[PDB]
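Taken one at a time, structure 1 and structure 2 that follow are two forms of one protein chain, written as structure tokens.
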Structure 1
């Protein structure tokens, strides 16, 4: 009906069809704190909202009023709750409401309430058929929107819509290989479909990641994904990894490659590798390089790591004090 931004918008206190209702002023007390000096339009809508809420008036006019209250403050979760009460009480068409929430999310996508509302609608309708395309449009504008990725995971998992998501992930990694949300989505998809224990899958994923590392050696996301998919089994379980990373040292180096080396060495020492001492000193040398030159922002972390490795892996570490 009358859009909040319409040139001919009129205050609720001036509307004939609201004449019967006394608006309800906010009760901030005799000496207010954090008192917001609301605009006229804002205070007018919310005075009327307080009135319909207080009376629990479940009417078409109250339903339309929630649209304005939401537009004025989409984070007002009380208004959203009442709007959902009205959707059910008035038996409103839920596909019309889906059209509404898609428009609102498009304009204010960084808001918890709007995404939760959309989830409730999808649950009520048991219809996920618009979701992936809708979310894709939001991600086309902000490829890192946290709520959008979260809703996407919920939709995929709840409705088992796994079949095309790896393809979607590959598309987004092509657009921006530094997009960490997308690396996260890659792990989410693989973990819940094939899993990473399938050797062919793990192999494919490591080769792919190494290929991205070669293309963009300072991209931290690829480095974190490589570590993430290997670390629970233990980096030292993969003896070829070390040599192959050392082979990137010359013209593909980074503080990330160096840090990964330390992580490889750390696991080796934990699993009683050959040449305990040789490995230790290699690791300590690297920790020092990182702390003093290559990654000084993390000097406290790297000194802590060097200290930890020394404390438990030095030849003297298991030697009784009397010796």
Structure 2
């Protein structure tokens, strides 16, 4: 109702509807630490919040008071909890609360309390119809917002809304193939639907990734996905992969590719392959290429990897 910045705003201490309540002040004792100074309005709203809270008053006036408390500080988790208690006690329209929280989150998309509040509401309503579109809007202000992706995965999993996610992922990867959050989402969808054990799917994915790598060779995300879906089945079990990569080396080279190769060679040594002593040298040669010219910032790491390979396969 009465906005905090309305010309006719009145302190709670001066409102008739609140005459029967004694405000409760905050006290940090004799020597306060990390004390925050508050304005008259701020201290006034919270002095009454403390009062209502202390008496667990489930009133309509208390419900309206929380709106002000939240405008002053949306990071106060106790205020949000009490508001939820009131939403239930007064049996408020939850569809209306959804509009409220939708606006709040847009203004503060990195606040933990507001995302938690929306999740509780959706659980109460058992209605996810607005979620995917809402999140897509938030992801438009920041495509990597961890809170947004977290909420999106919860919704999809909880109400089994996998049907269009793989398509949404394809669309976003076209907007920015370097968004690590989207590659994670792709793995999320697939492993929770078809899985990767279906050779047809694995091939589709490995092919898809090699295509993205060809478009932007220097992309850790794409390389991590590729290695991710193959590392547990065994990198050395894919002979055509080793050659297809060695063929990219000329043009589409990058430290990520060289690293992948080193990892392939190591898988071979791990599985007692043919030419043990020769493979080990092909690896060491790459490790040094990484250290001296391809990924110099990790010079000492790559040399440490090399020394590890030698003392393990000789």
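Numbering follows the first chain given and starts at 1. Throughout, rigid core stands for the largest set of C-alpha atoms superposing within 1.5 Å between the two forms.
Fitting the two forms on the rigid core leaves the C-alpha of residue 41 displaced by at least 2 angstroms between structure 1 and structure 2. Aligning the rigid core leaves the CA of residue 24 displaced by 1.5 Å between structure 1 and structure 2. On core superposition, residue 10 has its C-alpha offset by 3.7 angstrom between structure 1 and structure 2.
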